[PDB]
file start.tsv (TSV, C-alpha atoms and all ligand atoms)
chain	number	residue	atom	x	y	z
P	3	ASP	CA	146.97	21.76	230.98
P	4	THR	CA	143.64	23.56	231.44
P	5	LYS	CA	140.98	22.90	234.04
P	6	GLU	CA	138.70	21.47	231.33
P	7	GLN	CA	141.40	18.93	230.23
P	8	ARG	CA	141.86	17.97	233.92
P	9	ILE	CA	138.09	17.34	234.33
P	10	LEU	CA	138.08	15.09	231.21
P	11	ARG	CA	141.20	13.18	232.33
P	12	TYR	CA	139.66	12.71	235.77
P	13	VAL	CA	136.50	11.21	234.26
P	14	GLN	CA	138.62	8.99	231.95
P	15	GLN	CA	140.47	7.67	235.05
P	16	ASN	CA	137.64	7.55	237.61
P	17	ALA	CA	134.46	6.62	235.70
P	18	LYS	CA	133.29	3.55	233.77
P	19	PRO	CA	133.20	3.75	229.93
P	20	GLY	CA	129.62	3.72	228.66
P	21	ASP	CA	128.13	4.51	232.14
P	22	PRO	CA	126.83	8.14	232.00
P	23	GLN	CA	125.91	8.06	235.69
P	24	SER	CA	129.51	7.31	236.73
P	25	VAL	CA	130.71	10.14	234.42
P	26	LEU	CA	128.39	12.67	236.14
P	27	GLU	CA	129.52	11.48	239.59
P	28	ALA	CA	133.25	11.86	238.70
P	29	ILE	CA	132.70	15.46	237.37
P	30	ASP	CA	130.77	16.30	240.58
P	31	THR	CA	133.50	14.83	242.81
P	32	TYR	CA	136.27	16.63	240.86
P	33	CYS	CA	134.43	19.97	241.05
P	34	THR	CA	133.51	19.63	244.71
P	35	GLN	CA	136.95	18.36	245.89
P	36	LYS	CA	139.46	19.83	243.38
P	37	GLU	CA	138.38	22.75	241.15
P	38	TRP	CA	135.01	24.46	240.89
P	39	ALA	CA	133.54	24.61	237.41
P	40	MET	CA	130.43	26.04	235.75
P	41	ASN	CA	128.64	22.69	235.10
P	42	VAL	CA	124.90	22.82	235.93
P	43	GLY	CA	125.73	20.57	238.95
P	44	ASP	CA	123.77	17.91	240.81
P	45	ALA	CA	121.35	20.26	242.68
P	46	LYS	CA	120.09	22.01	239.51
P	47	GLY	CA	120.69	18.82	237.47
P	48	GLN	CA	118.06	16.99	239.53
P	49	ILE	CA	115.50	19.67	238.57
P	50	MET	CA	116.59	19.34	234.90
P	51	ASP	CA	116.23	15.54	235.19
P	52	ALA	CA	112.65	15.96	236.50
P	53	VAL	CA	111.73	18.32	233.60
P	54	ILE	CA	113.20	16.04	230.97
P	55	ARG	CA	111.31	13.05	232.39
P	56	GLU	CA	108.08	15.06	232.32
P	57	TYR	CA	108.21	16.14	228.68
P	58	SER	CA	110.28	13.30	227.17
P	59	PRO	CA	111.63	15.56	224.37
P	60	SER	CA	112.45	14.14	220.94
P	61	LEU	CA	114.63	17.12	219.94
P	62	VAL	CA	116.51	19.18	222.53
P	63	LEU	CA	118.76	22.20	221.82
P	64	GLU	CA	121.42	23.10	224.41
P	65	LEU	CA	123.13	26.50	224.20
P	66	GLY	CA	126.55	26.16	225.86
P	67	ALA	CA	128.26	22.74	226.11
P	68	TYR	CA	131.50	23.46	228.10
P	69	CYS	CA	132.77	20.00	229.32
P	70	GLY	CA	129.62	18.09	228.32
P	71	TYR	CA	128.14	17.67	231.81
P	72	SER	CA	124.60	18.82	231.03
P	73	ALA	CA	124.78	17.04	227.62
P	74	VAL	CA	125.48	13.65	229.34
P	75	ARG	CA	122.84	14.53	231.93
P	76	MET	CA	120.06	15.21	229.41
P	77	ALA	CA	121.22	12.70	226.80
P	78	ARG	CA	121.14	9.73	229.25
P	79	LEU	CA	117.39	10.35	229.81
P	80	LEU	CA	116.38	10.81	226.12
P	81	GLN	CA	114.23	8.10	224.50
P	82	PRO	CA	115.68	5.78	221.83
P	83	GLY	CA	115.99	7.89	218.62
P	84	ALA	CA	115.61	11.24	220.43
P	85	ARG	CA	118.36	13.80	219.77
P	86	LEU	CA	120.28	16.60	221.44
P	87	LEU	CA	122.00	19.38	219.53
P	88	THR	CA	124.52	21.38	221.58
P	89	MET	CA	126.13	24.65	220.48
P	90	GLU	CA	129.57	25.62	221.75
P	91	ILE	CA	131.50	28.74	220.72
P	92	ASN	CA	134.89	27.62	222.11
P	93	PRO	CA	136.51	24.86	220.03
P	94	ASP	CA	138.64	23.51	222.96
P	95	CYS	CA	135.42	23.00	224.89
P	96	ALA	CA	133.72	21.57	221.83
P	97	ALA	CA	136.53	18.96	221.71
P	98	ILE	CA	136.32	18.19	225.46
P	99	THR	CA	132.55	17.78	225.14
P	100	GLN	CA	132.90	15.40	222.18
P	101	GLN	CA	135.37	13.22	224.12
P	102	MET	CA	133.20	13.34	227.26
P	103	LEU	CA	130.16	12.08	225.24
P	104	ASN	CA	132.27	9.42	223.51
P	105	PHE	CA	133.44	8.09	226.92
P	106	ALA	CA	129.85	8.08	228.33
P	107	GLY	CA	128.83	6.21	225.16
P	108	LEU	CA	126.19	8.84	224.28
P	109	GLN	CA	127.80	10.17	221.09
P	110	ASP	CA	125.09	8.68	218.81
P	111	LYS	CA	122.44	10.88	220.54
P	112	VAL	CA	124.33	14.18	220.49
P	113	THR	CA	125.71	16.49	217.79
P	114	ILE	CA	127.99	19.31	219.00
P	115	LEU	CA	127.72	22.40	216.74
P	116	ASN	CA	130.75	24.69	216.65
P	117	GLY	CA	130.06	28.34	216.75
P	118	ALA	CA	128.16	31.18	218.29
P	119	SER	CA	124.48	30.33	218.93
P	120	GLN	CA	123.51	33.57	217.18
P	121	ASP	CA	125.26	32.31	214.01
P	122	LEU	CA	124.02	28.68	214.17
P	123	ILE	CA	120.33	29.15	215.20
P	124	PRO	CA	119.51	30.65	211.72
P	125	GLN	CA	121.17	27.56	210.10
P	126	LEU	CA	119.14	24.87	212.00
P	127	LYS	CA	116.24	24.52	209.49
P	128	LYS	CA	118.27	24.25	206.27
P	129	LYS	CA	121.76	23.07	207.30
P	130	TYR	CA	120.64	20.73	210.15
P	131	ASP	CA	117.18	19.53	208.96
P	132	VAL	CA	115.29	20.89	212.05
P	133	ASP	CA	111.56	21.58	211.97
P	134	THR	CA	110.80	22.80	215.53
P	135	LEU	CA	112.38	22.22	218.94
P	136	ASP	CA	110.74	20.37	221.84
P	137	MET	CA	113.06	21.83	224.43
P	138	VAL	CA	115.83	24.42	224.71
P	139	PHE	CA	118.37	24.54	227.58
P	140	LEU	CA	119.87	28.03	227.82
P	141	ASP	CA	123.16	27.97	229.67
P	142	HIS	CA	125.68	29.85	227.47
P	143	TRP	CA	126.13	33.56	228.28
P	144	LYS	CA	123.56	35.61	230.28
P	145	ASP	CA	123.44	38.53	227.76
P	146	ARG	CA	122.46	36.14	224.94
P	147	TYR	CA	119.39	34.57	226.68
P	148	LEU	CA	116.81	37.12	225.49
P	149	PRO	CA	118.23	37.87	222.03
P	150	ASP	CA	118.59	34.07	221.35
P	151	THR	CA	115.02	33.37	222.58
P	152	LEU	CA	113.75	36.11	220.22
P	153	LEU	CA	115.92	34.71	217.36
P	154	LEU	CA	114.57	31.17	217.92
P	155	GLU	CA	111.02	32.57	217.63
P	156	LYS	CA	111.87	34.58	214.48
P	157	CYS	CA	113.40	31.46	212.84
P	158	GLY	CA	110.17	29.48	213.41
P	159	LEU	CA	111.97	26.99	215.70
P	160	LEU	CA	109.49	27.35	218.61
P	161	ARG	CA	106.08	25.60	218.61
P	162	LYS	CA	103.22	25.62	221.13
P	163	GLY	CA	104.54	23.73	224.18
P	164	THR	CA	108.25	24.18	223.48
P	165	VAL	CA	109.97	24.16	226.88
P	166	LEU	CA	112.72	26.68	227.48
P	167	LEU	CA	114.79	25.93	230.57
P	168	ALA	CA	117.29	28.62	231.59
P	169	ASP	CA	120.16	28.10	234.01
P	170	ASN	CA	121.55	30.89	236.26
P	171	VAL	CA	118.55	33.22	236.16
P	172	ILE	CA	119.67	34.38	239.67
P	173	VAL	CA	123.53	34.05	239.50
P	174	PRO	CA	125.11	35.38	237.37
P	175	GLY	CA	121.48	36.42	236.67
P	176	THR	CA	119.49	37.17	233.51
P	177	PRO	CA	117.26	40.20	234.44
P	178	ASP	CA	116.08	41.23	230.93
P	179	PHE	CA	115.28	37.65	229.94
P	180	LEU	CA	113.28	37.07	233.16
P	181	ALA	CA	111.40	40.39	232.88
P	182	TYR	CA	110.59	39.55	229.28
P	183	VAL	CA	109.30	35.92	229.48
P	184	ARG	CA	107.44	36.65	232.75
P	185	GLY	CA	105.67	39.70	231.26
P	186	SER	CA	104.96	37.99	227.92
P	187	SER	CA	101.68	36.24	227.15
P	188	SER	CA	103.70	34.03	224.73
P	189	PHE	CA	105.27	32.22	227.76
P	190	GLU	CA	103.99	30.39	230.85
P	191	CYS	CA	106.83	30.73	233.38
P	192	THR	CA	107.80	28.79	236.55
P	193	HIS	CA	110.79	29.52	238.83
P	194	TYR	CA	112.73	26.58	240.41
P	195	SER	CA	114.82	27.95	243.27
P	196	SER	CA	118.00	26.04	243.97
P	197	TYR	CA	121.76	26.45	244.45
P	198	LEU	CA	124.73	27.50	242.35
P	199	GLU	CA	126.61	24.36	241.38
P	200	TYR	CA	128.92	23.12	244.14
P	201	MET	CA	128.25	26.22	246.31
P	202	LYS	CA	126.00	27.40	249.17
P	203	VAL	CA	124.76	30.28	247.04
P	204	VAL	CA	121.13	30.63	245.88
P	205	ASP	CA	120.46	30.28	242.16
P	206	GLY	CA	117.62	28.87	240.09
P	207	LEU	CA	116.29	27.74	236.74
P	208	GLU	CA	113.41	29.39	234.85
P	209	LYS	CA	111.00	27.21	232.90
P	210	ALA	CA	109.15	29.20	230.20
P	211	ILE	CA	106.73	27.26	227.98
P	212	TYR	CA	106.06	28.89	224.59
P	213	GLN	CA	102.35	29.50	223.94
P	214	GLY	CA	102.49	30.87	220.35
P	215	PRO	CA	102.69	34.26	218.49
O	301	LIG	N1	127.13	32.78	222.02
O	301	LIG	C1	127.51	31.55	222.40
O	301	LIG	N2	127.27	30.47	221.63
O	301	LIG	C2	127.62	29.23	221.98
O	301	LIG	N3	128.27	28.96	223.12
O	301	LIG	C3	128.59	29.97	223.98
O	301	LIG	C4	128.22	31.35	223.67
O	301	LIG	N4	128.66	32.15	224.69
O	301	LIG	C5	129.26	31.32	225.57
O	301	LIG	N5	129.22	30.03	225.14
O	301	LIG	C6	129.72	28.82	225.84
O	301	LIG	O1	128.80	28.44	226.89
O	301	LIG	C7	129.50	27.70	227.92
O	301	LIG	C8	129.03	28.13	229.32
O	301	LIG	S1	129.11	26.79	230.49
O	301	LIG	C9	127.98	25.61	229.85
O	301	LIG	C10	127.73	24.59	230.95
O	301	LIG	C11	127.03	23.35	230.40
O	301	LIG	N6	125.69	23.67	229.78
O	301	LIG	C12	126.91	22.37	231.55
O	301	LIG	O2	126.08	22.51	232.44
O	301	LIG	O3	127.68	21.41	231.62
O	301	LIG	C13	131.00	27.91	227.68
O	301	LIG	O4	131.57	26.66	227.23
O	301	LIG	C14	131.08	28.95	226.55
O	301	LIG	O5	132.14	28.69	225.65
O	302	LIG	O1	128.82	32.12	232.17
O	302	LIG	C1	128.23	31.07	232.49
O	302	LIG	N1	127.61	30.30	231.47
O	302	LIG	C2	126.79	29.20	231.86
O	302	LIG	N2	126.66	28.81	233.10
O	302	LIG	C3	127.31	29.47	234.12
O	302	LIG	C4	127.16	29.03	235.47
O	302	LIG	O2	126.44	27.98	235.75
O	302	LIG	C5	127.81	29.75	236.50
O	302	LIG	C6	128.61	30.85	236.23
O	302	LIG	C7	129.30	31.59	237.32
O	302	LIG	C8	128.64	31.79	238.53
O	302	LIG	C9	129.23	32.46	239.58
O	302	LIG	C10	130.52	32.93	239.41
O	302	LIG	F1	131.06	33.58	240.42
O	302	LIG	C11	131.24	32.76	238.22
O	302	LIG	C12	130.62	32.06	237.17
O	302	LIG	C13	128.73	31.27	234.91
O	302	LIG	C14	128.10	30.59	233.85
O	303	MG	MG	125.08	27.55	233.98

call {"tool": "encode", "arguments": {"input": "start.tsv", "output": "C-alpha cells", "more": "lines below"}}
Ligand SMILES: Nc1ncnc2c1ncn2[C@@H]1O[C@H](CSCC[C@H](N)C(=O)O)[C@@H](O)[C@H]1O
Ligand SMILES: O=c1[nH]cnc2c(O)cc(-c3ccc(F)cc3)cc12
Ligand SMILES: [Mg+2]
result
Amino acid sequence: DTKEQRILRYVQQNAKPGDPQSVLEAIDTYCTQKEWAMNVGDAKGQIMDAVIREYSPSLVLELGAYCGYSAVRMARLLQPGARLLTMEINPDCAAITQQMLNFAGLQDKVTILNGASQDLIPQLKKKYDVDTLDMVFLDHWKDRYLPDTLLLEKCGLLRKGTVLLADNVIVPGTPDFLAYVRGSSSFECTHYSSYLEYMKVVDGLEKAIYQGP
C-alpha cells in the first residue's frame, strides 16, 4: 500500500464518477487532512485554471503526471477536441494517473506517455503526430526544466506564443531555468507568487511565453 494507491482509493470512495471537480476536492481533502503530496494543489491550481482559460489551448504537454491531479485540473477546462499529453517516468504513477482520469471521465482527452521526458520529447513529432505545442506545464524534476525547455525548442515543438508554465520555481526551486528564461529575448516571463501545495510556505509558478528563435 503506497501513498499514491491510498490517494486513488480515497477518490474512488469519496468522489463522484465522471465529476472532475469532486475528484480534485477529494485529493485536496486527503492531502490536507491525511498525507501531504506533491500535487500542484488548489492555491497554485487556481492560477493554472486562470491561465488555461486565457489561452484555451488545443494541445497541452504536461511533464510529470504523478497521481493525475494537474491532468484532471487542466483536462476539465480543455475545449471539446482539445488534448493533453502527460509524460510520467514512474510506471506505478502512470497507472494511478490512468485510473484517476478514467474515474473523472476525462480519459478521452488525455494520453499518458510512459518514460523520461528527455526520451519522449524527441518522439512527439513522428511517433505521436505532434506539430507544435500550445502550452507546456513543467512539473517533473527541477533539474530537467531548462534542458527539457531547450530540447523542446531544438525539436521544433515550440511556436510563437507557446505558453510554458513551470511549477515550483521557488520551492524546491529552479534557479538555472529562471535565470535563463528571464534573461532570454526568446521568452516573455511573468512570476505568479503563491504557496506550496497544502502548506504555509511561499512558492510560485513562472509563465514564459516563447517569442521565436
Ligand atoms: N524526467 C522525467 N520524465 C517524466 N516524468 C518525471 C521525470 N522526472 C520525474 N518525473 C515524474 O514527475 C512527477 C512529479 S509530481 C507531478 C505532479 C503533477 N504534475 C500534479 O500536479 O498533480 C513524479 O510522478 C515523477 O515520477
Ligand atoms: O519533485 C517535485 N516534482 C514536481 N512537483 C513537486 C512539488 O510540487 C513539490 C515538491 C516538494 C516540495 C517541498 C518538499 F519539501 C518536498 C517536495 C517536489 C516536486
Ligand atoms: Mg510541482

call {"tool": "closest_atom_pairs", "arguments": {"input": "start.tsv", "of": "region 49-152 of chain P", "to": "region 182-196 of chain P", "cutoff": "12 Å", "atoms": "all atoms listed in the file", "output": "CSV"}}
result
residue,atom,partner,partner_atom,distance
P:49,CA,P:194,CA,7.7
P:50,CA,P:194,CA,9.9
P:52,CA,P:194,CA,11.3
P:53,CA,P:194,CA,10.8
P:147,CA,P:182,CA,10.4
P:148,CA,P:182,CA,7.7
P:149,CA,P:182,CA,10.7
P:151,CA,P:183,CA,9.3
P:152,CA,P:182,CA,10.2

call {"tool": "closest_atom_pairs", "arguments": {"input": "start.tsv", "of": "chain P", "to": "ligand MG 303 (chain O)", "cutoff": "10 Å", "atoms": "all atoms listed in the file", "output": "JSON lines"}}
result
{"residue": "P:39", "atom": "CA", "partner": "O:MG303", "partner_atom": "MG", "distance": 9.6}
{"residue": "P:40", "atom": "CA", "partner": "O:MG303", "partner_atom": "MG", "distance": 5.8}
{"residue": "P:41", "atom": "CA", "partner": "O:MG303", "partner_atom": "MG", "distance": 6.1}
{"residue": "P:42", "atom": "CA", "partner": "O:MG303", "partner_atom": "MG", "distance": 5.1}
{"residue": "P:43", "atom": "CA", "partner": "O:MG303", "partner_atom": "MG", "distance": 8.6}
{"residue": "P:46", "atom": "CA", "partner": "O:MG303", "partner_atom": "MG", "distance": 9.3}
{"residue": "P:66", "atom": "CA", "partner": "O:MG303", "partner_atom": "MG", "distance": 8.4}
{"residue": "P:67", "atom": "CA", "partner": "O:MG303", "partner_atom": "MG", "distance": 9.8}
{"residue": "P:68", "atom": "CA", "partner": "O:MG303", "partner_atom": "MG", "distance": 9.6}
{"residue": "P:72", "atom": "CA", "partner": "O:MG303", "partner_atom": "MG", "distance": 9.2}
{"residue": "P:139", "atom": "CA", "partner": "O:MG303", "partner_atom": "MG", "distance": 9.7}
{"residue": "P:140", "atom": "CA", "partner": "O:MG303", "partner_atom": "MG", "distance": 8.1}
{"residue": "P:141", "atom": "CA", "partner": "O:MG303", "partner_atom": "MG", "distance": 4.7}
{"residue": "P:142", "atom": "CA", "partner": "O:MG303", "partner_atom": "MG", "distance": 6.9}
{"residue": "P:143", "atom": "CA", "partner": "O:MG303", "partner_atom": "MG", "distance": 8.3}
{"residue": "P:144", "atom": "CA", "partner": "O:MG303", "partner_atom": "MG", "distance": 9.0}
{"residue": "P:168", "atom": "CA", "partner": "O:MG303", "partner_atom": "MG", "distance": 8.2}
{"residue": "P:169", "atom": "CA", "partner": "O:MG303", "partner_atom": "MG", "distance": 5.0}
{"residue": "P:170", "atom": "CA", "partner": "O:MG303", "partner_atom": "MG", "distance": 5.4}
{"residue": "P:171", "atom": "CA", "partner": "O:MG303", "partner_atom": "MG", "distance": 8.9}
{"residue": "P:173", "atom": "CA", "partner": "O:MG303", "partner_atom": "MG", "distance": 8.7}
{"residue": "P:174", "atom": "CA", "partner": "O:MG303", "partner_atom": "MG", "distance": 8.5}
{"residue": "P:175", "atom": "CA", "partner": "O:MG303", "partner_atom": "MG", "distance": 9.9}
{"residue": "P:198", "atom": "CA", "partner": "O:MG303", "partner_atom": "MG", "distance": 8.4}
{"residue": "P:199", "atom": "CA", "partner": "O:MG303", "partner_atom": "MG", "distance": 8.2}
{"residue": "P:205", "atom": "CA", "partner": "O:MG303", "partner_atom": "MG", "distance": 9.8}
{"residue": "P:206", "atom": "CA", "partner": "O:MG303", "partner_atom": "MG", "distance": 9.7}
{"residue": "P:207", "atom": "CA", "partner": "O:MG303", "partner_atom": "MG", "distance": 9.2}

call {"tool": "atom_distance", "arguments": {"input": "start.tsv", "atom1": "CA of residue 80 (chain P)", "atom2": "CA of residue 61 (chain P)"}}
result
9.0 Å

call {"tool": "residues_near_point", "arguments": {"input": "start.tsv", "point": "(111.9, 25.9, 212.4)", "cutoff": "10 Å", "atoms": "only C-alpha atoms", "output": "list in words"}}
result
residues 123, 124, 125, 126, 127, 128, 131, 132, 133, 134, 135, 154, 155, 156, 157, 158, 159, 160 and 161 of chain P

call {"tool": "residues_around", "arguments": {"input": "start.tsv", "residues": "residue 101 (chain P)", "least_positions_apart": "5", "cutoff": "9 Å", "atoms": "all atoms listed in the file", "output": "PyMOL selection string"}}
result
chain P and resi 10+69-70+96+106+109

call {"tool": "residues_around", "arguments": {"input": "start.tsv", "residues": "region 113-119 of chain P", "least_positions_apart": "6", "cutoff": "9 Å", "atoms": "only C-alpha atoms", "output": "PDB file with C-alpha atoms, in the frame of the given file"}}
result
ATOM      1  CA  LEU P  65     123.130  26.500 224.200  1.00  0.00           C
ATOM      2  CA  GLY P  66     126.550  26.160 225.860  1.00  0.00           C
ATOM      3  CA  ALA P  67     128.260  22.740 226.110  1.00  0.00           C
ATOM      4  CA  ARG P  85     118.360  13.800 219.770  1.00  0.00           C
ATOM      5  CA  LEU P  86     120.280  16.600 221.440  1.00  0.00           C
ATOM      6  CA  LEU P  87     122.000  19.380 219.530  1.00  0.00           C
ATOM      7  CA  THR P  88     124.520  21.380 221.580  1.00  0.00           C
ATOM      8  CA  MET P  89     126.130  24.650 220.480  1.00  0.00           C
ATOM      9  CA  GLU P  90     129.570  25.620 221.750  1.00  0.00           C
ATOM     10  CA  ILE P  91     131.500  28.740 220.720  1.00  0.00           C
ATOM     11  CA  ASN P  92     134.890  27.620 222.110  1.00  0.00           C
ATOM     12  CA  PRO P  93     136.510  24.860 220.030  1.00  0.00           C
ATOM     13  CA  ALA P  96     133.720  21.570 221.830  1.00  0.00           C
ATOM     14  CA  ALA P  97     136.530  18.960 221.710  1.00  0.00           C
ATOM     15  CA  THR P  99     132.550  17.780 225.140  1.00  0.00           C
ATOM     16  CA  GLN P 100     132.900  15.400 222.180  1.00  0.00           C
ATOM     17  CA  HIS P 142     125.680  29.850 227.470  1.00  0.00           C
ATOM     18  CA  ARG P 146     122.460  36.140 224.940  1.00  0.00           C
ATOM     19  CA  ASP P 150     118.590  34.070 221.350  1.00  0.00           C
TER      20      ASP P 150
END

call {"tool": "closest_residue", "arguments": {"input": "start.tsv", "among": "P:26, P:98, P:203, P:73", "to": "ligand LIG 302 (chain O)", "atoms": "all atoms listed in the file"}}
result
P:203

call {"tool": "closest_residue", "arguments": {"input": "start.tsv", "among": "P:180, P:112, P:74, P:79", "to": "ligand LIG 301 (chain O)", "atoms": "all atoms listed in the file"}}
result
P:74
